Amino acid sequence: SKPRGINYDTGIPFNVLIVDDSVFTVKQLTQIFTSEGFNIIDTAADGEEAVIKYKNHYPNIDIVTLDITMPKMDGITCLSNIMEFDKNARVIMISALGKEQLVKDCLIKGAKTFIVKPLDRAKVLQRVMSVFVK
């Protein structure tokens, strides 16, 4: 079954940038994506590091998963910064916070979709691929 993490126009894995202040969550997301064929191009533990790394890899990042509550720089501020730098960025918010207006505000600011924790492989994957239509 065509692993979803592969770009079938080249056979090269899609690149994912994982951003969360918990190494536990970074590991869970890493397993979820790699098991499906994706390549974790890089990871960041806070919003500042995320911005730096996103710019560093920029043309090559296909998708970014972004936590909200984080030291130094929270995910909402990070989202605006990444979208400001690259209007074509594809970011999926993955957070413990789910107030419905917060969701709309992130989408307004540019995020493609939102995922509320606790996580499960199936859900994450279904959401990740919806930002993959043409």
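Quick note: we count residues from 1 along the sequence shown, nothing fancier.
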When the Cα temperature factors in the entry are averaged, is it 26 to 34 or 101 to 109 that ends up higher?
101 to 109
Taking only the CA atoms, which stretch has the higher mean B-factor in the record, 81 to 89 or 42 to 50?
81 to 89
In terms of its chain's C-alpha B-factors, the third that includes residue 75 is the lowest
Chain thirds by Cα B factor, record data; residue 124 belongs to the middle
